Amino acid sequence: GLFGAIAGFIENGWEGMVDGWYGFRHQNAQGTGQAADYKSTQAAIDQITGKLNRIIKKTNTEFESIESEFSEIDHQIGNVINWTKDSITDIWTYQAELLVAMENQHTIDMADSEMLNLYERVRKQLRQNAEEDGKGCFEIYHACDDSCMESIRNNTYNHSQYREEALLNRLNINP
Amino acid sequence: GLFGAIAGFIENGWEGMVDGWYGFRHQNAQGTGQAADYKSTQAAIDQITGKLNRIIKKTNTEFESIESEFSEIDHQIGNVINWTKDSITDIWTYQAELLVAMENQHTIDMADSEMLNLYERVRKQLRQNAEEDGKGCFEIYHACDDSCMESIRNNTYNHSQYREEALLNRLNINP
Amino acid sequence: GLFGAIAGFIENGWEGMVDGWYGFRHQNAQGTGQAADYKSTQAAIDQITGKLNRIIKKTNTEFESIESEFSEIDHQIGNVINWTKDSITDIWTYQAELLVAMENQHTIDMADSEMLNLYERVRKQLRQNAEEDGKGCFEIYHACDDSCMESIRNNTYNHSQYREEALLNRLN
Amino acid sequence: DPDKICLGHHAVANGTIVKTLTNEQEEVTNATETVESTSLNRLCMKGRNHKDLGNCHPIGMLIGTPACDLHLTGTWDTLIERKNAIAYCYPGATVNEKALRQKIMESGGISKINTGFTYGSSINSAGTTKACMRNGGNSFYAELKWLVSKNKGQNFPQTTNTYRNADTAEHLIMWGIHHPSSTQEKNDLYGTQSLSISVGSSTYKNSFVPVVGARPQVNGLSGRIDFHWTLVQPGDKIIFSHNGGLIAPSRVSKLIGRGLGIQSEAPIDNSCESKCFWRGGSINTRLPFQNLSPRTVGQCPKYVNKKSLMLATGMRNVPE
Amino acid sequence: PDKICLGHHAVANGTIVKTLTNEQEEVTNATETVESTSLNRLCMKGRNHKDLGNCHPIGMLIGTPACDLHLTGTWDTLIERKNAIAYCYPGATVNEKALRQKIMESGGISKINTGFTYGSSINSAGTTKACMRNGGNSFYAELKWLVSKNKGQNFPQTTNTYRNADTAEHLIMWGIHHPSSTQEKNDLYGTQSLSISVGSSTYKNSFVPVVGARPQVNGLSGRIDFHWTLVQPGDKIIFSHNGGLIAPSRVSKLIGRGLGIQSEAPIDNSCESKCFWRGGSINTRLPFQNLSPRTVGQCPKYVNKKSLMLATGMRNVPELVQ
Amino acid sequence: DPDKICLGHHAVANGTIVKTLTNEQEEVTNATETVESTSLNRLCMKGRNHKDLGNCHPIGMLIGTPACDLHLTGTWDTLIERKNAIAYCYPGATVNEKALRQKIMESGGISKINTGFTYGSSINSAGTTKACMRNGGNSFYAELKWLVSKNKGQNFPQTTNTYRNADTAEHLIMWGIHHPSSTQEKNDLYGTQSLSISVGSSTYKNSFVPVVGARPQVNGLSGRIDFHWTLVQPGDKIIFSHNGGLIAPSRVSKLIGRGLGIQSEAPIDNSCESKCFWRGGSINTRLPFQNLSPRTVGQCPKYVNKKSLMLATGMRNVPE
Ligand SMILES: CC(=O)N[C@@H]1[C@@H](O)[C@H](O[C@@H]2O[C@H](CO[C@]3(C(=O)O)C[C@H](O)[C@@H](NC(C)=O)[C@H]([C@H](O)[C@H](O)CO)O3)[C@H](O)[C@H](O)[C@H]2O)[C@@H](CO)O[C@H]1O
Ligand SMILES: CC(=O)N[C@@H]1[C@@H](O)[C@H](O[C@@H]2O[C@H](CO[C@]3(C(=O)O)C[C@H](O)[C@@H](NC(C)=O)[C@H]([C@H](O)[C@H](O)CO)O3)[C@H](O)[C@H](O)[C@H]2O)[C@@H](CO)O[C@H]1O
Ligand SMILES: CC(=O)N[C@@H]1[C@@H](O)[C@H](O[C@@H]2O[C@H](CO[C@]3(C(=O)O)C[C@H](O)[C@@H](NC(C)=O)[C@H]([C@H](O)[C@H](O)CO)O3)[C@H](O)[C@H](O)[C@H]2O)[C@@H](CO)O[C@H]1O
Ligand SMILES: *[C@@H]1O[C@H](CO)[C@@H](O)[C@H](O)[C@H]1NC(C)=O
Ligand SMILES: *[C@@H]1O[C@H](CO)[C@@H](O)[C@H](O)[C@H]1NC(C)=O
Ligand SMILES: *[C@@H]1O[C@H](CO)[C@@H](O)[C@H](O)[C@H]1NC(C)=O
């Protein structure tokens, strides 16, 4: 898709993640874990709620009858009414189809963008302490326990704390 | 937003940048700098001007009166005209609302993309001589004076010139 | 453009590439070469095919005549028909103009994104063994012969084999 | 050897299919319908001073057909017309009938005002018919009088009657013309003289002649009574001059305010509210579109020729 | 070092399209969405069609000589031509526009005998030089011109009744003759006051021949005007008259539905189409057309636009030219 | 420690709120209006050969009502009709009036052609009325003649008048039928005989009978003159046969070309130009939409049910 993450470099979604739209899975010495990301999830949900608020509505214009349900209509006027009503129905049917097709394209691509934005936030946070594997994971070149993993998820990870250790493991370089 | 820069990793805009839409601030030994980027600014302005040229116009169709202002009209023809006019008004009100909502979404996201494309241009220019701080800035690991800063803005920056100095500082192995 | 590759950091297109929409050129000690990329090309083409299937179509509604070609119409109803038909024509002309303008914008940007997605795939494959030059190329810091270049194009390049060599050359 | 943090997104086992600009079968995690397919099979009349006409046709309210006896006057914001409702107990029709019905169905009430018309001793003003039964006997339209000669065969006298609108709003006046089935019948009711009816106001002028002609029996009757109408402006007079054949108004109507006219087959429900009505009942949807009928009244979703149109409310579904 | 370069294709000569932000955007390829060309012919393959030629639709019901080969039939498509003949004798039909549209929406016509017969004092074989058939004076084939057998004598008070014995409604037409003068009126119908009454369960009207001075149309100041109604299943319609009625010998039944086309373009049975206009047929897969707003059938929508190009490729960024 | 370069974008102190697909209150750096809310309270007539009818009703131009004396002929590209304009000085109306008014308001001029009608010694063709005053004297419609018997009470003669269209374009002919207030009046003007007017061309015919009926006084007059009209094709004749009650044309009309009919109360302004007009004046906007009125004429922005629709002309505003 447009932003290359969902149905892209992320191989598949997680059916086990039920508490959010986007999130993290980690692996360290203590074991494995999973957690949803609130900010990216809510960013996507708020945008879809906004679309629904705009789309799920009717006009306030009051229309009256121009066609008798239980009686005959004039033939000349009736053909004009039939042409006009069918022309109006073709317009609304077309507009409905285009609305939902365009909105669906944008919704899918928006969701893709929020996945990428989270990935990009984490990449920049980790700085020179990690490398991308190409599948949506970061290989972290220092011991990163549950508290360290939490700091990455909470956006409080300080790269300077682990930089010396990480560069030694990545590049075999001592200061 | 879609491209993650404006109202994203860039914390806020600069009210003091009045000569352009996008640009650079810098800090070196010589001083503090600010300059607008012409190419990205004009790319955004030209696209918005293009939209305005398409949108700000009316049809050439000449309409005549089908409703008398000062005299009575026939009951059934008048009801059909009222139904038709209100149906056409609902179509144009809907089309106008959708046009401007769609165009505004695209304008905002286009502006976001131009910010990201400038950021990406600078990232690739600097190559291995700088690191991203996550807030839209690059920490440059060599002395980069006013002419050096100007070369980055001009796309004449030569990473090879500074690479040895930069890598020694980045790896913390400067003798 | 939106994704910054086509008419962006890629200076221009290749008129010589006739067997694909996106592809590779390489330069190594042995020589040069060119090859198209199937997956990215097919991704773009399939999306454009999908648009054409959606757009190239008419409604199933059957319309009959409300204006007589060879005889006179009533003056009051005739003016209402003229007003209605012209209003409907203005709506369809506007909708057609907006449809094609919007679809063209999206087609161009979709094509741009597929260029970028290929570029990003290659970047992540090469990992710490290469550096971006800013013009759509990657400078590879180990000897990468024709078989090595083919493995990049085929998505079977394993960075770990060349990493030690590449990091030695990148740092010195 | 390195520790790992992996970024991801959710998925579901069974996704929902939607259409996009580029793909007719795109699977997403969730979607919601935008075209309403369901209707409430009642007329939701809560918050409305409504009138269900039953077997009374709107025009019958003005002329006083027996079926309309409970609907000769009143006020309402919503007026409900039913299928096969009765306007004409005696065979006939109204000239400019569609305009008249529309005007009544747009109103918010009817009041009635006496014409004050009187007739000399040689006129029988209490003509009745088997076609219009009321209270176990031959009757006639309640708001009109069938005038005939009291003595059979005698010439109906030249008569002139005037209704003045003394109100500040326009009134609607109706009258009928009887069209006999034969010369003998015409002679018996109105005499051998040439018959003519003229009607004249400041805004209206017309003349009428009873047409004698053989016709099939409708409810055992070859005679016809056709109705005509016009508006009488405030302060204006309307003058009827006639010598046989006029079905004369005893009252005129005043249409009061505005209301919503509904033609529907659905029963009324006073416990629920609605803004949108059609033949089959009420549409209380929040959705922008509907596929129930192109014929609706009130504040309604737009009709589309589509069974379903699903709007994505989630990302692409990429299952494990 | 060694290098691998990513790129995209281009062409020397791109195609211009319009986008949201650019009126002159160059792309590698594009395709048209507005149809500009029409086939100058009525494409009638797979259609049981009837080309009326110089027969006007109303003439099929009354039986004008030009319509002799179109008195009955079935069709899914009915083609009307310019300057088609409805009336041989000077005159017109009341509510003619509604009648023509009913015929042009039909899928065929059947004819049913009225069974109208007349006494010895009526001449039911009135003819005119205006309505020629087989080189002789004739009349509308579905009607009869009734006059007094003896010139100057009062036409007898006559009653004729048509019963619809069918399960579908029938369309009945009749005429009223309006003589050129009082003397002519007296010759044909006598000196008496004339009156024609028509009455069914659903229809009622009365008519009187008028003799006011009017100019000649092909040498005739007389007029025959036509009137029509629908007779419901099981109902009867009674004509009471004493001179001036042009009475029906048959009634019509319109059968099913069909597509009415008004065009001067010639028939072509080797090709198919679902959309037609005055100038011919529109056979296109494209969503829009700019040929005419007046079309019939299943058509692309009319737009006031010469061209709308849909991009089928990326932005064209050609190599530098000196 | 290290030198730094920072990428950024501008902001403004006072942003503008716009609506997007996902946000009803999105703040941007700038935006512009797409719906015009203001109108000029004038009819902008620069570059137009226009006719302001003032007190003259379009139909009055053809019959020659005193209010229309300066509008009997002319050419124009724009015709302006005003409220309460006068068509009929004498009480009455025109049959098929709406179609006639629209024909005139679609035209680009009127030419008048003499009928050449003459009358014998037993006709007085100079009938006038206090309803149609000119310069303080009883007068009549300029383009017609009220024919009465020269000798009061005598039978109006059996008369013929024929107009031939000698032009290559169709001509519009009008005539009136007088309907007297009483039998005594009818007898005085036309005699005791039965009155009949027939009109006949190759494409048209009709007959008329003056009706004597009681009806209210309009400006002190219970009489009526009703107007009728038809088109006489090139080379055709139209024959009037009459013996009392015809109001005969002294001229016929030819509608020239096409023009824009405007119904408005706003004054003329020759300084400025416009392509769009409504009841309240002119709309000179470059914007695609307007919320002034759904009833407009000319080349106009489309009416929408919205106060404002702001189009973003800048990025998201993110202040410091
Ligand atoms: C009662 C009467 O006035 N005359 C007797 C006729 O009724 C009868 O002929 C039969 O008439 C039948 C219809 O009868 C009414 C009706 O509509 O119910 C009786 C009404 O009183 C009468 N009303 C008035 C105001 O005159 C009404 C009216 O004349 C007609 O509707 C006018 O068209 O007729 C029905 O038509 C039968 O088919 C018919 O035999 C004759 C013969 O027995 O005797 C009369 O004394
Ligand atoms: C006695 C004499 O000298 N008469 C002279 C006539 O030769 C002539 O009168 C015109 O005659 C016309 C006859 O044409 C038909 C027709 O339409 O072809 C003949 C039809 O048989 C007749 N049909 C019937 C059923 O009667 C038909 C019919 O009368 C009229 O169409 C009814 O309007 O007429 C025709 O009657 C003309 O209307 C009549 O003027 C005139 C020269 O015009 O001179 C007479 O002195
Ligand atoms: C023949 C004539 O002029 N007689 C005079 C009477 O009409 C008049 O009685 C008063 O008449 C008033 C209306 O007068 C006119 C009018 O409309 O102004 C006078 C016109 O000359 C006359 N025109 C013609 C062509 O005849 C016109 C016309 O007869 C009617 O409008 C036809 O409906 O009437 C008004 O009705 C008064 O109520 C009435 O008293 C008296 C003088 O007062 O005698 C005659 O001078
Ligand atoms: C209009 O459409 C209705 C419903 O399809 C149909 O019954 C009717 O015949 C049409 N009206 C005319 C005048 O043909
Ligand atoms: C049409 O709408 C106008 C303006 O609201 C109103 O005055 C008129 O009554 C309506 N027409 C009919 C026939 O009800
Ligand atoms: C940057 O561009 C400006 C304007 O062309 C030029 O004057 C200046 O010398 C350039 N500086 C560098 C370092 O490229």
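Reconstructed Cβ throughout: ideal geometry from the backbone, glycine too, with neighbour counts over all protein chains shown. Just so you know, all these numbers are worked out from the coordinates, no wet-lab data involved.
Filtering segment F:186-217 to residues that are away from chain E (no Cβ under 13 Å), farther than 25 Å from D:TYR204 by Cβ and not in a loop (DSSP other than H, G, I, E, B) leaves F:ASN187, F:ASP188.
Considering only residues of segment E:136-172 that are assigned to a loop (DSSP other than H, G, I, E, B) and of a type in the set (A, V, I, L, M), which is farthest from ligand 1 (Cβ to nearest atom)? The extreme case among them is E:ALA141. Within the bounds of segment B:125-138, is there any residue that is at positive phi, in contact with a strand residue (DSSP E or B) (Cβ under 9 Å, 6 or more places away or on another chain) and away from ligand 5 (no atom under 16 Å from the Cβ)? The answer is yes; a qualifying residue exists. Of the listed requirements (1) among the acidic types (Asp, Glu); (2) without any contact (Cβ under 8 Å) to a residue 60 or more places away in the chain; (3) buried (at least 18 other Cβ atoms within 10 Å of the Cβ), D:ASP188 misses just one: (3). Here D:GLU33, D:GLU81 are screened, and the one residue that is of a type in the set (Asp, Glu), closer than 30 Å to D:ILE173 by Cα and either in contact (Cβ under 8 Å) with a residue 40 or more places away in the chain or buried (at least 18 other Cβ atoms within 10 Å of the Cβ) (or both) is D:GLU81. Within segment F:1-19, the residues that satisfy the criterion of being farther than 30 Å from F:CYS276 by Cβ and in contact (Cβ under 8 Å) with a residue 12 or more places away in the chain are F:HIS9, F:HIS10, F:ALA11, F:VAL12, F:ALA13, F:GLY15. Scanning segment D:218-270 for residues that are in a loop (DSSP other than H, G, I, E, B) and β-branched (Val, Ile, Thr) yields a count of 1. Residues of segment F:125-138 that are more than 10 Å from ligand 3 (Cβ to nearest atom) and touching a helix residue (DSSP H, G or I) at 6+ places or on another chain (Cβ under 8 Å): F:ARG134 alone. Can you find a residue in segment E:101-113 that is touching a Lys or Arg at 6+ places or on another chain (Cβ under 6 Å) and under 30 Å from B:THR49 (Cα atoms)? No; the residues of segment E:101-113 include none that is touching a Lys or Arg at 6+ places or on another chain (Cβ under 6 Å) and under 30 Å from B:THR49 (Cα atoms).
For segment D:45-99, residues that are β-branched (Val, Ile, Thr) and more than 23 Å from D:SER139 (Cβ to Cβ) total 4. Residues that are within 27 Å of C:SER113 (Cα to Cα), touching a residue at least 12 places away in the same chain (Cβ under 8 Å), facing chain D (nearest Cβ under 7 Å) and not small (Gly, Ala, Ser) within segment A:5-58 comprise A:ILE6, A:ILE10, A:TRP14, A:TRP21, A:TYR22, A:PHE24, A:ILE48, listed in sequence order. Which residue, of F:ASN284, F:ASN219, is in contact with a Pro (Cβ under 8 Å, 6 or more places away or on another chain), surrounded by fewer than 18 Cβ atoms within 10 Å (Cβ to Cβ) and over 30 Å from E:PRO179 (Cβ atoms)? Criteria check complete, one pass: F:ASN219.
Within segment B:137-148, the residues that satisfy the criterion of being surrounded by fewer than 23 Cβ atoms within 10 Å (Cβ to Cβ) and either touching a residue at least 40 places away in the same chain (Cβ under 8 Å) or part of a helix (DSSP H, G or I) (or both) are B:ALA143, B:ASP145, B:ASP146, B:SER147, B:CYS148. Once segment E:117-167 is narrowed to residues that are within 12 Å of ligand 2 (Cβ to nearest atom) and charged (D, E, K, R), the residue that is nearest to the other protein chains (Cβ to nearest Cβ) is E:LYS129. Checked against the criterion of being more than 18 Å from the chain's Cα centre (by Cα) and touching a residue at least 24 places away in the same chain (Cβ under 8 Å), the candidates E:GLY219, E:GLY199, E:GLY212 yield just one match: E:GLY199. Kindly check whether there is at least one residue in segment B:152-175 that is surrounded by fewer than 18 Cβ atoms within 10 Å (Cβ to Cβ), more than 16 Å from ligand 5 (Cβ to nearest atom), in a helix (DSSP H, G or I) and among the acidic types (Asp, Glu). Yes: segment B:152-175 contains one or more residues that are surrounded by fewer than 18 Cβ atoms within 10 Å (Cβ to Cβ), more than 16 Å from ligand 5 (Cβ to nearest atom), in a helix (DSSP H, G or I) and among the acidic types (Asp, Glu). Can you find a residue in segment D:2-11 that is acidic (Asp, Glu), surrounded by fewer than 21 Cβ atoms within 10 Å (Cβ to Cβ), within 30 Å of C:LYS51 (Cβ to Cβ) and more than 16 Å from the chain's Cα centre (by Cα)? For segment D:2-11, residues acidic (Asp, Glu), surrounded by fewer than 21 Cβ atoms within 10 Å (Cβ to Cβ), within 30 Å of C:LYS51 (Cβ to Cβ) and more than 16 Å from the chain's Cα centre (by Cα): absent.
Per-residue answers, yes or no, for (1) more than 18 Å from B:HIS75 (Cβ to Cβ); (2) within 16 Å of ligand 5 (Cβ to nearest atom):
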| site | (1), (2) |
| --- | --- |
| A:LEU52 | yes, no |
| A:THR59 | yes, no |
| A:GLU64 | no, yes |
| A:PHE70 | yes, no |
| A:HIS75 | no, no |
| A:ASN79 | yes, no |
| A:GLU97 | yes, no |
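Checked across segment E:39-58, the condition of being small (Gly, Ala, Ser) and buried (at least 22 other Cβ atoms within 10 Å of the Cβ) holds for no residue. Applying a threshold of 8 Å to beta carbon distances and a minimum spacing of six or more residues, or different chains, the list of pairs starting in segment A:159-175 at a residue that is without any contact (Cβ under 8 Å) to a residue 40 or more places away in the chain and ending at one that is of a type in the set (S, T, N, Q) and part of a helix (DSSP H, G or I) reads A:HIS159/A:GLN125. With respect to being in contact with a helix residue (DSSP H, G or I) (Cβ under 9 Å, 6 or more places away or on another chain) and over 30 Å from C:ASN169 (Cβ atoms), E:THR74 falls outside the description.
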